[PDB]
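Only one structure is covered here, and it is reproduced in the block below.
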Ligand SMILES: *[C@@H]1O[C@H](CO)[C@@H](O)[C@H](O)[C@H]1NC(C)=O
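Right under this line is the structure:
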């Protein structure tokens with residue numbers, strides 16, 4: 024086993040807090056004084072992507088690959104998903120990511136962002152949403168959209184689906200909302216980005232659609248990031264989902280030790296709310312450390332060239348590392364962390380917040396086996 | 024100047040006829056004996072790549088780059104567009120493509136497909152389309168969609184835009200068409216792929232919307248690949264766009280030589296109609312030949332390593348090759364061929380077909400040179429209001453509907469609700485049932501029936517004065772029906 028484990032980091036734009044969480048988690052692992060908890064020193068090579076120039080993304084990935092790396096933690100969007108996923112799958116290099124899970128079942132990628140599809144379907148069945156308006160964009164994949172369509176077909180729902188990803192003018196949102204209200208539509212499932220959700224909520228506030236007779240289900244982890252101050256005052260239902268628990272002791276101690284770091288080495292940390300992606304980054308560091316500790320425990324022999336070496340020969344140990352990254356069962360800031368054969372999270376819990384009352388109240392939780400437990 | 028010029032080629036799925044056209048055009052260039060338009064041999068490398076796997080695309084591009092090429096002809100999809108465009112613009116290697124033009128301004132990309140936004144806007148202005156349904160797909164870019172949106176905002180149009188690129192169930196197409204027909208939409212602008220256009224058109228044929236009075240504008244240069252026999256047999260108007268004119272002598276010569284090619288060596292020839300992408304491939308070969316002939320005539324110096336070598340070394344001769352390729356002006360099978368600073372085609376002509388006959392032609396400078417309702421009445425089977433005997445029913449409400457229609461002057465058709473209920477909102481699902489549900493959800497236009505004027509219903513539909760007669764809220768029949776009810780109450 025190597026005396027030092029080096030990993031890579033691929034950070035796209037607007038990931039300052041995620042970068043700070045990555046550095047802080049690596050430092051937390053490194054400063055542990057227990058030889059059993061720290062059998063190897065962990066280093067990282069951090070590079071920043073463009074995500075619009077595939078040449079730049081490939082250059083950064085190949086610079087990471089040329090130097091010795093055992094795993095790559097990073098982020099991708101819809102424009103850089105395919106390049107990184109394909110390169111990692113072909114070169115047998117594990118890619119640990121907090122980004123949206125891939126629609127296709129692909130290997131050598133560990134996406135520890137739980138899928139909202141099951142929770143969304145369970146809440147739709149529980150609330151009995153047999154007719155609603157589904158406003159979606161395709162910036163996080165098509166899994167939720169396909170699941171909604173299949174559920175509507177099998178359950179004979181009345182789902183009015185609208186793709187709002189390509190809308191640049193707010194009057195289009197106003198027209199959509201007015202048309203929906205003309206048809207007496209009271210229930211909206213908004214599977215969009217945080218900024219698009221904010222724009223839609225501004226439009227519904229402007230049109231006065233935030234009254235007590237409307238329900239908005241925001242299908243987006245990061246409930247604390249959406250601006251809901253002005254929609255609460257109208258009395259409308261707002262269902263949200265989260266994976267970070269504030270009263271979790273591990274989350275509590277991380278926050279306690281995390282809000283007292285100077286904003287010169289860890290920017291966007293102290294005077295800023297903790298995004299769920301930072302918790303996923305901390306959990307990713309935990310998963311990597313646990314997997315490599317297990318590899319050392321079993322005495323598995325793990326120890331580059333260039334990306335494009337046609338005929339490409341993958342390095343043999345990589346598969347083992349993938350297995351080590353997929354058999355872990357760890358407890359992190361998002362709760363239980365386990366992965367299936369495709370790298371997707373399994374046996375996870377998603378907290379559901381109703382927050383219709385003044386403030387935020389956690390209406391219940393969702394689990395794969397016991398579907399939805401309300402309070 | 025080298026005795027031979029080597030070019031790369033990147034082909035994908037459903038690109039057999041285009042590959043045959045590429046090979047045949049290269050053979051035609053190499054088989055000339057004048058020695059003036061053929062001063063050098065033309066060698067080609069060909070790679071078939073899977074666009075869904077970026078690793079394979081990068082492998083193919085880098086293999087061709089390392090082999091040594093002066094330009095890459097080929098196709099890109101919405102997934103492989105970014106990779107190929109970035110790799111060509113960063114390594115200063117020209118990419119000649121007959122695929123969709125890039126929305127953004129990029130360098131070292133020579134796009135052989137002319138843009139359709141100008142022709143579509145001019146045809147919309149000519150036909151006076153103040154209100155239409157735009158079904159878009161966004162598999163050839165977003166330029167047309169944003170152009171339509173800006174034109175609608177500036178000209179105060181009523182465009183009902185729907186994205187049909189994520190639809191896999193034909194019932195969704197049926198529901199969209201039914202919803203558009205309910206709101207009295209006659210004109211459709213379908214900017215989608217050929218297969219999606221065919222699916223939409225067959226759904227239209229099944230729904231019987233292909234009759235007279237309906238206009239369908241197909242925003243795709245694939246008019247010959249669209250199955251629309253039944254659509255035009257119904258009497259509807261179909262406006263199409265083309266770039267290949269069969270009356271062009273060069274096109275005729277190419278076709279007469281093309282239909283006599285051995286299918287073993289040249290698959291998809293003399294078996295299927297010549298796709299416009301094959302014509303663009305032939306014209307791209309002509310463009311490459313003319314540009315390199317210009318380079319040789321001007322005595323411009325012309326000459331590798333791996334793609335990914337930090338810091339990247341741009342090709343010194345790439346700028347000259349791109350400049351020569353972007354100043355070419357040739358008469359190809361698609362007409363005049365010229366390129367602007369960003370590689371997009373300029374000064375082109377688009378033939379507009381009204382159907387088939389050539390309605391006219393669109394050019395950038397000379398813009399475009401050319402050459416009642418059956419209202420649904422919903423009722424409920426309840427004596428003596430509606431009783432089985442439009443001729444199948446009699447009762448008070450049938451006579452009331454007849455009188456109201458005579459005062460309004462409309463043609464109607466009675467239809468009793470399936471569930472046989474009045475309006476009621478389920479507290480759990482918030483769904484209205486009965487006649488009020490039909491009116492709210494747009495499946496009916498008026499409800500002459502014993503429907504009590506209540507507060508809960510009044511908030512969702514318009515009630516005339518008691519006789759009340761219900762109407763969907765905000766419709767154009769509210770005041771006429773209210774006045775008719777009042778006048779009938781007068782007598
Ligand atoms: C809002 O929530 C309340 C309490 O859960 C529920 O009774 C009401 O029907 C909801 N409104 C909707 C779903 O429009």
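Chains as they are written, first to last, in UniProt numbering: chain F, 24 to 326, 331 to 402; chain D, 24 to 326, 331 to 382, 387 to 402, 416 to 433, 442 to 519, 759 to 782.
Note that beta-carbon positions come from the ideal geometry of N, C-alpha and C, so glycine has one too.
Residues of chain F with a CB under 7 Å from the CB of residue i: which are they?
i, result
"residue 165 of chain D", "189"
"residue 82 of chain D", "335 and 337"
"residue 492 of chain D", "206 and 207"
"residue 85 of chain D", "335"
Using a cut-off of 9 Å between C-beta atoms, extract the partners of residue i located in chain D.
i, result
"residue 153 of chain F", "478, 480, 481, 482 and 483"
"residue 110 of chain F", "77, 78 and 81"
Could you tell me the alpha carbon to alpha carbon distance between residue i and residue j, rounded to whole angstroms?
i, j, result
"residue 176 of chain F", "residue 160 of chain F", "20 Å"
"residue 238 of chain D", "residue 207 of chain D", "13 Å"
"residue 117 of chain D", "residue 118 of chain F", "33 Å"
"residue 85 of chain F", "residue 290 of chain D", "39 Å"
"residue 76 of chain F", "residue 129 of chain F", "23 Å"
"residue 199 of chain D", "residue 152 of chain D", "20 Å"
"residue 123 of chain F", "residue 303 of chain F", "12 Å"
"residue 368 of chain F", "residue 134 of chain F", "12 Å"
"residue 372 of chain D", "residue 62 of chain D", "27 Å"
"residue 106 of chain D", "residue 78 of chain F", "7 Å"
Would you check if the distance between the CB atom of residue i and the CB atom of residue j is smaller than 8 Å?
i, j, result
"residue 341 of chain D", "residue 115 of chain D", "yes"
"residue 759 of chain D", "residue 505 of chain D", "yes"
"residue 220 of chain F", "residue 249 of chain F", "yes"
"residue 205 of chain D", "residue 470 of chain D", "no"
"residue 264 of chain D", "residue 167 of chain D", "no"
"residue 491 of chain D", "residue 499 of chain D", "yes"
"residue 348 of chain F", "residue 30 of chain F", "no"
"residue 230 of chain D", "residue 254 of chain D", "no"
"residue 355 of chain D", "residue 395 of chain D", "no"
"residue 468 of chain D", "residue 425 of chain D", "yes"
So the alpha helix (DSSP H) residue i belongs to, where does it begin and stop?
i, result
"residue 374 of chain D", "That residue, residue 374 of chain D, is in no alpha helix (DSSP H); it is neither H nor E in DSSP."
"residue 276 of chain D", "272-281"
"residue 357 of chain D", "Here residue 357 of chain D belongs to no alpha helix (DSSP H); instead the beta strand (DSSP E) covers 357-359."
"residue 221 of chain F", "217-229"
"residue 140 of chain D", "140-150"
"residue 196 of chain F", "193-205"
"residue 770 of chain D", "769-781"
Could you spell out where the beta strand (DSSP E) holding residue i opens and where it closes?
i, result
"residue 32 of chain F", "27-34"
"residue 157 of chain F", "154-159"
"residue 389 of chain D", "389-394"
"residue 184 of chain D", "181-186"
"residue 210 of chain D", "210-214"
"residue 306 of chain F", "Careful: residue 306 of chain F lies outside any beta strand (DSSP E), inside the alpha helix (DSSP H) at 299-320."
"residue 514 of chain D", "513-515"
"residue 66 of chain F", "64-71"
"residue 408 of chain D", "The model of chain D omits the segment between 402 and 416, and residue 408 of chain D is among the residues lacking coordinates."
Could you check which residue in the options has the C-alpha nearest to that of residue i?
i, options, result
"residue 343 of chain F", "F/326, F/335 and F/353", "F/326"
"residue 35 of chain D", "D/72, D/101 and D/241", "D/72"
"residue 111 of chain F", "F/124, F/95 and F/191", "F/95"
"residue 401 of chain F", "F/145, F/348 and F/272", "F/145"
"residue 120 of chain F", "F/335, F/306, F/359 and F/360", "F/306"
"residue 482 of chain D", "F/209, F/101, F/281 and F/388", "F/209"
"residue 519 of chain D", "D/509, D/778 and D/767", "D/778"
"residue 320 of chain F", "F/55, F/43, F/60 and F/42", "F/60"
"residue 419 of chain D", "D/196, D/283 and D/463", "D/463"
"residue 185 of chain F", "F/201, F/164, F/156 and F/194", "F/156"
"residue 276 of chain D", "D/335, D/243, D/360 and D/454", "D/360"
"residue 331 of chain D", "D/266, D/90, D/299 and D/140", "D/90"
If the cut is a Cβ gap below 7 Å, which residues of chain D does residue i touch?
i, result
"residue 168 of chain F", "189"
"residue 328 of chain F", "This structure gives no coordinates for residue 328 of chain F. The numbering of chain F moves from 326 immediately to 331."
"residue 113 of chain F", "78"
"residue 186 of chain F", "186 and 189"
Going along chain F in order, which residues have a C-beta closer than 8 Å to the C-beta of residue i?
i, result
"residue 764 of chain D", "205"
Taking Cβ-Cβ distances shorter than 8 Å, what residues in chain D pair up with residue i?
i, result
"residue 255 of chain F", "Near residue 255 of chain F there are no residues of chain D at all, since even the closest Cβ is about 21 Å away, more than 8 Å."
"residue 210 of chain F", "482"
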